[PDB]
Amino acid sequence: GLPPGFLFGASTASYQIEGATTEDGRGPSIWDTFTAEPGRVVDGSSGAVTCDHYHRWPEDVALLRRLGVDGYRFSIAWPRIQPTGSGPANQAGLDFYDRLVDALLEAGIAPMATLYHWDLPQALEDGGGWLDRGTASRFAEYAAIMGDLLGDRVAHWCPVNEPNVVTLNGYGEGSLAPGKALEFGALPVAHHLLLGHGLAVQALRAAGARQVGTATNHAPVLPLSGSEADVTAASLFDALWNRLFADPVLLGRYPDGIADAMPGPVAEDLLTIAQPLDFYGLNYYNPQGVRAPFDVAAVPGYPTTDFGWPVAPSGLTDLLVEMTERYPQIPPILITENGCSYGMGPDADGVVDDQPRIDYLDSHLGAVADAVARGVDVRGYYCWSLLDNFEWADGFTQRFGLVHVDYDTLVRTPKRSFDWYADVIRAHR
């Protein structure tokens, strides 16, 4: 029950797939720094090699072509473009994405480029990172560079991936790079990510870009009990996770209380943040349980992925309906990420039977169709991920791919899910 012309895609991110961390003049990122620290990554791995997409991208483009996706979402590695985050572009970095995008177009695939998927150049973090308002300006300059190179050819742009994760996990509790734990002292990071977003939208449009949207994580937020402290906690988490990032982009305001806590000319900044968008991109995995200033835990009574995350497709329908209630002028929605961790690999016959991933993706596509049937204008779905890859602090232990990757041999093996998705896409055309 999906709309005619609904877009099917798959998604990746630069640090998670590329490898070649020290090749062609690439600068160190905060993830290079983080993964070099003992105890940061559960299996002691890094993105030094990962899938080695930097050398194997033709094979991967061919996989996308055989899958028959309409769209491919990828990220650009800012450290390949500006090793220190400022100054003239590195030509080898430009060349890599120039060639990749031309190949996607030859294959008939609509490229979706994420400018910032968490790999901040370390030189910028050394000066304060996203706590510095100047980092927003450096990001706008980088956006102009990539718009000048690719703006006529990229179909869709996502400036900042999951700014909520960058803020709360990167700078708030420090579970992800750069590992700062400022709690509410991380609020300026949210402001500067949003300002960076807005400035990048302007830079892309100026460069001749086609469609510009977002890729923000959203989730329904459920109180784990009836306690005021718990409903109040859940409301605050919803305000901080969802509204803090959606309200400024879509309504040109912060949730109640938050503007007063932000640095700089906040009213002027909100004009910059709230640039008109062509689409709203959202990343969904599951509802979030909250209690008791809050603690997050899994909502009970659902089956869980290998990451321990609830499998709750009805949550996507609920979110899509609620977003449309909160933001009646919201542009067409793309699901810029949805997917699941399940660890099966090739059996003795070389087959990866990942039926649980099929069940998850099938149910989520159904949930999208259920929202469409209630009048939610959703226009596409991008599966996280094409490839098994480096999952941040969990290293290689959480496999999200349609395609299995053996990290020793670098062989790709399409899973059963790959063939299932290919058939779904074909049937819908």
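Residues carry their position along the shown sequence, with the first being 1.
A chain break between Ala292 and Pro293 is present, corresponding to 4 to 9 residues of the deposited sequence without coordinates. Mean CA temperature factor is higher for 230-238 when stretches 230-238 and 306-314 are set side by side in the entry. The stretch with the higher mean CA B factor, choosing between 330-338 and 272-280, is 272-280.
Note on the listed residues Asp119, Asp354, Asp98, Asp349: the highest Cα temperature factor in the record is that of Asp349. Among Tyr285, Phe184, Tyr142, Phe245, the highest C-alpha B-factor recorded in the PDB entry belongs to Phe184. Ranked by Cα temperature factor within the chain, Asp408 sits in the highest third according to the deposited record. Per the PDB record, residue ranking by Cα B-factor puts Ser225 in the highest third of the chain. The deposited CA B-factor of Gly39 belongs to the highest third of values across its chain. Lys180: CA B factor in the highest third of modelled residues in this chain (values from the PDB entry). In the PDB entry, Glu106 places in the middle third of its chain by CA B-factor.
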